[PDB]
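In the block that follows, a single chain appears as C-alpha cells, in the form deposited in one PDB entry.
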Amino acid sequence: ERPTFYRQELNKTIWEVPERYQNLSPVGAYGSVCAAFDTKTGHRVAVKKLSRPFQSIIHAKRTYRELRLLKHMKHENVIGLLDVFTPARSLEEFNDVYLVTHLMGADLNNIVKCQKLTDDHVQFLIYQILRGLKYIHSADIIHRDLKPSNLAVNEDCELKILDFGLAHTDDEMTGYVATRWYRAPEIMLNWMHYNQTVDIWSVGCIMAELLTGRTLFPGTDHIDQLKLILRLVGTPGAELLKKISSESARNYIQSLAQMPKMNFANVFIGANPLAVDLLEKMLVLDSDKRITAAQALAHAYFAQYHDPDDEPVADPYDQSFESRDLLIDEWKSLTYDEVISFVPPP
C-alpha cells in the first residue's frame, strides 16, 4: 500500500517524497514549493511542503482547514488536489505534510499587464470566474482573496481560481498595495459581518481592469481607496448607514460631502453596453443588493457561453469544525486521518 520514499536536500530543506515524483526543482512563509514530473499521471506538478504545520493551535487548525478545503474542490474552474502525503508511518511520528497540485504557469496579471483585452476575451474570462464562484458559494465557502494573481490562465484562455483565503496581516494590507485594491469596502474597513457577496465586488474590480487595462481603485491607503470608491458608486444613504456596526465608522462616513453615483458609460468609455450594465449590478455599495454568481451567469452579456445544464453546484461541505475548540494534538490527529483517507481523482 505505502509507496517507497526517497530523501534529498534541496536549497536548505530536506524533501522526502514518493518515487513517482521526479526531477524536483525549487520554484518558491507558508512552505516551500518544488516543480516536479509525476510519472504516474504524466502531469507537471507543484509539490508544497508545509512549514511548521502544527506549531500552535492556530497553525494546526489552519493546516486542517486548508486540507479540508482542497480535498472538497472538484470543478473545472477551481484548483483541485492531485495528492497529499506524509513520510510518517504512524500518528506518533507524524510531523510533515506535502500537497500536490497541477503546475500553473501564467496568471491573469500577465495576460493583462498594463494591457486591455477584446470584448470576447472579457466575456469568456469573467464567465469562467462566475462559473467557479457559483460552485464555491453553493458550498457556503467564501474565497475572500480574489485578485488577478490568484487566477491561473493558459494559452487557450482557460481559467482556474486558486489561493483561497485561509484567514493576511495588517502590514500586508497597508499602503499602495494590490493586496487591498480588490477588497469590498465592508471588509476593508470592518463595517459589518461579511458574507459571500464580498467575492462579487472583487469580480467587478477584475472585470473593470480587463476592460480598461488599469486598476479600478488603486488607493494609496484605506481612506484614499474609500474616497475613490464613493466617487464612482456614490455616498451611502440612511439604509446602508444603519447596517454599519461601528458608530465611529458611521460618524466618519457622514463627515464626507455627499456624491451621486456616476454615469458608468462615461467611465468605461466604449465598452459593450451589456458589460456596463453588469458592472453597475456588481459594484453596489450595499452588499445585500449586489447580483449573485448564479444570477450573473444568466445575464445577457454571457449569452454565447451560458449553459444552465453545464454550471454545476458543489457537494455539501461540513464547516462545523470552525467553531470547535481543540488541542494541538487533536487538530493534528484530524489532519492525519484526512491524509490517510485521500482518494485520488480518476
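What we label the rigid core is the largest C-alpha set whose atoms superpose within 1.5 Å from one form to the other. In case it trips you up, residue 1 is the first one in the sequence shown, and so on.
One more form of this protein should be noted, the form deposited with a small molecule bound, which is absent from this view; the next part is about it.
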| query | finding |
| --- | --- |
| In the deposited complex, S138 touching the small molecule (heavy atom, 4.5 Å) | no |
| Contact flag, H143 vs the small molecule in the deposited complex, heavy atom cut 4.5 Å | yes |
| 4.5 angstroms heavy atom contact with the small molecule in the deposited complex for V47 | yes |
| Distance check, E66 to the small molecule in the deposited complex, heavy atom within 4.5 Å | yes |
| Exceeds or equals 2 Å, Cα of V233 between the shown form and the other one, core fit | no |
| Rigid core superposition, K113 Cα moves 2 angstroms or more between the shown form and the other one | no |
| CA of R214, rigid core aligned, shift of 2 Å or more between the shown form and the other one | no |
